[PDB]
Amino acid sequence: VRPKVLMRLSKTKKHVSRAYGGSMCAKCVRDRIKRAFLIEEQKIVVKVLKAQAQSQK
Amino acid sequence: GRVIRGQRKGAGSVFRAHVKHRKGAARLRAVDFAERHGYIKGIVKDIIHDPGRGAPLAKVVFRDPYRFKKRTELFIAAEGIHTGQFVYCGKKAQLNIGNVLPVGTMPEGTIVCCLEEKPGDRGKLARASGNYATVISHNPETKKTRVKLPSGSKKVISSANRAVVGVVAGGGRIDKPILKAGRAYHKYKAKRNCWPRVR
Amino acid sequence: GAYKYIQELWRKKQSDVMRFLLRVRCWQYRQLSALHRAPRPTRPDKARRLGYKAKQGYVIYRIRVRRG
Amino acid sequence: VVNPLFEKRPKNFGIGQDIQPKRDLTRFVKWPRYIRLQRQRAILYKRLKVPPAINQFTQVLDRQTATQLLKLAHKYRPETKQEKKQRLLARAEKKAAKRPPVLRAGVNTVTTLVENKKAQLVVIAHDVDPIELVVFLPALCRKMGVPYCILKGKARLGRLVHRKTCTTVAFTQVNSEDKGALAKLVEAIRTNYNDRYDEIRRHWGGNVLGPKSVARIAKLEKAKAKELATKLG
Amino acid sequence: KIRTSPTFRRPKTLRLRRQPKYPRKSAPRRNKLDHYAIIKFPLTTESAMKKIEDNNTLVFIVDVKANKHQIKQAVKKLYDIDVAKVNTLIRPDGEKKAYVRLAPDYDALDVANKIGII
RNA sequence: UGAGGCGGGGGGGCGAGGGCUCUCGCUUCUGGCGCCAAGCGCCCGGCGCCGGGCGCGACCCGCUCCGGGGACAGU
RNA sequence: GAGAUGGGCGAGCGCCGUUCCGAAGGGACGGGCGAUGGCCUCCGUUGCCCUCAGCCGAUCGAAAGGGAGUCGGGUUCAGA
């Protein structure tokens, strides 16, 4: 609808029940979740490889 | 007894630049703490076409290091850049196409574009379609550096001022002949009232 | 009183003291606007010699004119 | 004992790692035009070769003796506006039924009693804005043999005489019990200002380079001194 | 105290309230747009009568500078009849004409005879 | 440039041979997130309970906001 | 595109310029304190101290651009 109409409608007509719903498509949300978990685990994998760096040097 | 045409062009108001649809000022990212010491990571949000400018522009998005806010700059697309590819900016930035870093760190025979000609002026040299600049010689003392320019003249510029690596995109724009006066009419219409030139 | 001294001191505009004090004010005045009110007169000697008296209602405006 | 949910979460302030905290920025503020001017006019009093007639007010009286100077003078304050009308009602009854010595303020009254050599100690203020109003004075008290000194602050000088400020204050006469109290001030002052004259006439203040430059010469003055210190050995 | 922002903004200073030692005008000017300078006269048009019989509205020539609100309460005071809606326009000759639609519990005829027009 | 970490001086971390000279003050695989302090210490205010402050975290010191020119441009 | 303030120029009426040589915000939240109003309850009013703020250029500029929301039937010598 035209932008000013959005005052009239209720909430559920303007969004969808999901995290980032109504703003991001679901496909680019599961991609965002899959990303934001794998990057953090890559930080933990390197954090115990750096922990095994100065254990020698 | 009459003011000639080339004399009227400095008054403007008919020979002014047509800047209604121009995207913005194609500059670098200003000097700050990160750019001097470290590197700062930026995403290429998308690539766009600036009317009048033969090169394409690039919307790079950085994360501001002092406020919780994302800052966006308009870069001059080095050829080979694609969206989503990360651009790194600063002294400690790695050397790979599409990366700004001061000339004094880059080695000899490096091919750069969007070069600065005064430290902290956000790029002025070699920023047309397909024009690059080569860093010839260095000088640790005096912080100077000889750089040949797309015209052929070499300029002794300081080493603190930076440039983005690679050649400017849109190269080879001048190989395709204009065939008709219509195409030439449409090109100069996007830039300024100059085209049909009476001898 | 002292005004005779300051009078005779201001006639020595090529001496080291005056050539110091004039090059400072000329720098200081230059970093301001072209028309602004001085609180108290720069030359109290020349002021009273021109009719200035220190009393409520006497005002002094320091202004710069582009020479040439 | 302690709740094990209390976990220390650091913020790594690296380059582009986390956002910098609200650290102090009182060095890079774009100050207003009037403050910016207010300071770099003081740098000019530490850059250019200040002539000796103006440099001579940087050298000032020390603190611990200046507390004696004002306290001695704190009884010699002239009569206030309130005591003036009370000193005119005393005369109002002596018809209906000697003045002690006081201070002397104002340059145009002090110089008129320095030329007559009536003063004993002329106190000046180092911070008068159109400095031309004073600069003749210390060279003239020395000539006619009147002990002078320079006190830091025309405001606290202008607190004895109840005004906003004052430039000079003179001791024409004193009492007898404070007579010798003055004598110990004169000798300690004359040995620093009057007899110390020829040194003051040739003291050029300023010619100092900035701390960002004297550290730049020295980094090349220590490096040059690093070469010739191990060449012979 | 420290500086967090690298800029300098002017501080908020105590700006007092206007407290004059004498009123600039000794007398408050009386409202020249009162209730009688706001309704000049009704209409005696063969169309205005048609407007009275059928649509139950009165037609006045009100002043050129009156709101619909002001016209509504003016009639409500001069003729003690409540107004349902007002419609105004400006005739070409210049004076403003007003169609005062009376409330349905009121009658436009028997109040038109209260003021003579018929 | 939203004048945001300038010059010094101390500090730890990576080396050849415990001081001095040197590198460094923590980010590169991915179209993710990032602010409005965690935590510790020293005090105080309200009937064991409920509410506050300063400091470390975020080193200290300074005179031009940093840069580039400059007694020449310029007027 | 037009055009004030700051600034700059100008013998001068004035001109230049529009973010550029500028202390360019009269706001919001929270907290604290005194105070009033109605069952001074609770909320609202009000000051002061504390707290956070990017604002970025006054203002003008379209009856074809942007711009929430009316349609059906009847009625007049002329208006829907």
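Methodologically, a virtual Cβ is constructed for each residue, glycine included, from the backbone with ideal geometry; neighbour enumeration extends over all protein chains shown. Coordinate-derived values only; no laboratory data.
Relative to the dominant Cα principal axis of chain E, helix E:68-78 is inclined by about 60°. Express as a percent, rounded to the nearest 5, the fraction of DSSP beta bridges in chain D (both residues included) that run antiparallel. About 55 percent, rounded to the nearest 5.
Can you put E:3, C:40 in order of Cβ neighbours within 10 angstrom, beginning with the fewest? Intermediate results must be reported in sequence, preceding the final value.
Working: E:3 15, C:40 10.
Arranged by neighbour count, lowest to highest, E:3, C:40 become C:40, E:3.
Placing pseudo-labels 7 Å out from each Cα toward the beta carbon at residue C:23 and residue D:129 gives an inter-label distance of 2.4 nm.
Residues B:32, B:175, arranged from fewest to most other Cβ atoms within 10 angstrom of their Cβ, appear as B:175, B:32. In this structure, the pairs whose alpha-carbon distance is over 23 Å, taken from B:118/D:224; C:53/D:85; B:92/B:118; A:47/B:41; B:124/D:30; D:81/D:179, are B:118/D:224; C:53/D:85; B:124/D:30; D:81/D:179. Legend: P(r) of the range B:82-166 from all alpha carbon pair distances, 5 Å bins from 0, whole percents, reading 3, 17, 29, 27, 17, 5, 2, 0. Note on chain C: GNM, Cα springs under 10 Å; of C:56, C:14, C:31, the largest mean-square fluctuation is that of C:56.
Phi angles across the range B:92-99 convert, under the Karplus curve 6.51 cos²θ - 1.76 cosθ + 1.60 with θ = phi - 60°, into 3J(HN,Hα) values of 7, 6, 6, 9, 6, 4, x, 7 Hz, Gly and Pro given as x.
For chain B, give the magnitude of the charge dipole about the Cα centre (Cβ charges: +1 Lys/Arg, -1 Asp/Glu; no others), in debye to the nearest 20. Walk me through the numbers on the way to the answer.
Working: 43 positive and 13 negative charges, 258 e Å.
Dipole size: approximately 1240 debye.
Residues whose amide H lies under 5 Å from that of residue B:133, counting only those 5 or more places away or on a different chain, are B:112, B:113; hydrogens are built 1.01 Å from N in the peptide plane. Model label points for residue C:49 and residue A:38, set 7 angstrom from Cα along the Cα-to-Cβ axis, are 8.9 nm apart. Give me the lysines in straight-line cross-link reach of residue B:189: C-alpha distance below 21 Å, same-chain residues under 8 apart excluded. In chain and number order, the partners are B:9, B:20, B:23, B:176, B:180.
With 10 angstrom as the radius, rank E:8, B:75 by how many other C-beta atoms surround their C-beta, starting from the fewest. Numbers along the way, then the final one.
Values: E:8 13, B:75 26.
With the sparsest Cβ surroundings first, the list reads E:8, B:75.
In cubic angstrom, how much convex hull volume per residue do the alpha carbon atoms of chain A span?
107 Å³
With all pairs of different C-alpha atoms in the average, the Kirkwood value for the hydrodynamic radius of the range D:1-83 is 20.6 Å. Couplings 3J(HN,Hα) of the range D:207-216, computed from phi: 6, 9, 8, x, x, 7, 10, 5, 7, 8 Hz, in residue order, whole Hz [Karplus 6.51 cos²θ - 1.76 cosθ + 1.60, θ = phi - 60°; x for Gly and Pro].
Sequence gap at least 6, Cα distance under 8 Å: using those rules, report the relative contact order of the range B:87-199 to the nearest whole percent. Don't jump to the answer; show the numbers that get you there.
Values: 217 pairs, mean separation 29.6, N = 113.
Computed value for the range B:87-199: 26 percent relative contact order.
Shown is the FRET efficiency for residue D:213 and residue D:8, computed with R0 = 51 Å from the Cβ-Cβ distance and rounded to the nearest 0.05: 0.70. Under a 5 Å amide H cut-off, with hydrogens placed 1.01 Å from N, residue B:139 pairs with B:144 among residues at least 5 apart or on other chains.
Compute the FRET efficiency between residue A:26 and residue B:155 as 1/(1 + (r/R0)^6), taking r as their Cβ-Cβ distance and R0 = 51 Å, and round to the nearest 0.05. Display every interim value, and only then the final one.
Numbers: r = 54 Å, r/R0 = 1.06.
Once the sixth-power term is evaluated, E becomes 0.40.
Suppose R0 equals 25 Å; then what is the FRET efficiency for residue D:118 and residue C:60 from their Cβ-Cβ distance, rounded to the nearest 0.05? If you can, show how the numbers build up before the last one.
Values: r = 34 Å, r/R0 = 1.37.
Efficiency, from the Cβ-Cβ distance: 0.15.
Taking C:12, C:46, C:55 as the candidate residues, the one with maximal mean-square fluctuation in a Gaussian network model of chain C, Cα springs under 10 Å, is C:55.
At 1.002 mPa s and 20 °C, plugging the Kirkwood radius over alpha-carbon pairs of the protein assembly as shown into Stokes-Einstein gives what diffusion coefficient in µm²/s? Write down the numbers at each step before the final one.
Details: Rh = 37.5 Å.
For the chosen part, D equals 57 µm²/s.
In percent, how large is the relative contact order of chain C, given Cα pairs closer than 8 Å and 6 or more residues apart? List each step's numbers first, then the result.
Working: 32 pairs, mean separation 23.9, N = 68.
After rounding, I find 35 percent.
A simple spin-label model places the labels of residue D:42 and residue E:31 6.3 nm from each other, with each point 7 Å out along Cα-to-Cβ. Could you calculate, for the range D:71-179, the ratio of the Cα radius of gyration to the Kirkwood radius, expressed as Rg to Rh? Result for the range D:71-179 is an Rg/Rh of 1.04. Listed values for the range D:225-230 are Karplus-derived 3J(HN,Hα) couplings in whole Hz (6.51 cos²θ - 1.76 cosθ + 1.60, θ = phi - 60°), namely 6, 7, 6, 6, 8, 10, and x replaces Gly and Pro. Compute the angle between helix A:27-50 and the longest alpha-carbon principal axis of chain A, please, reported from 0 to 90 degrees and rounded to the nearest 10. Value to nearest ten degrees: 20.
For residue E:88, which sequence-distant residues (separation of 5 or more, or a different chain) have an amide H within less than 5 Å of its own amide H, given hydrogens modelled in the peptide plane? For residue E:88, whose amide H was placed from the backbone, the distant partners under 5 Å are E:99.
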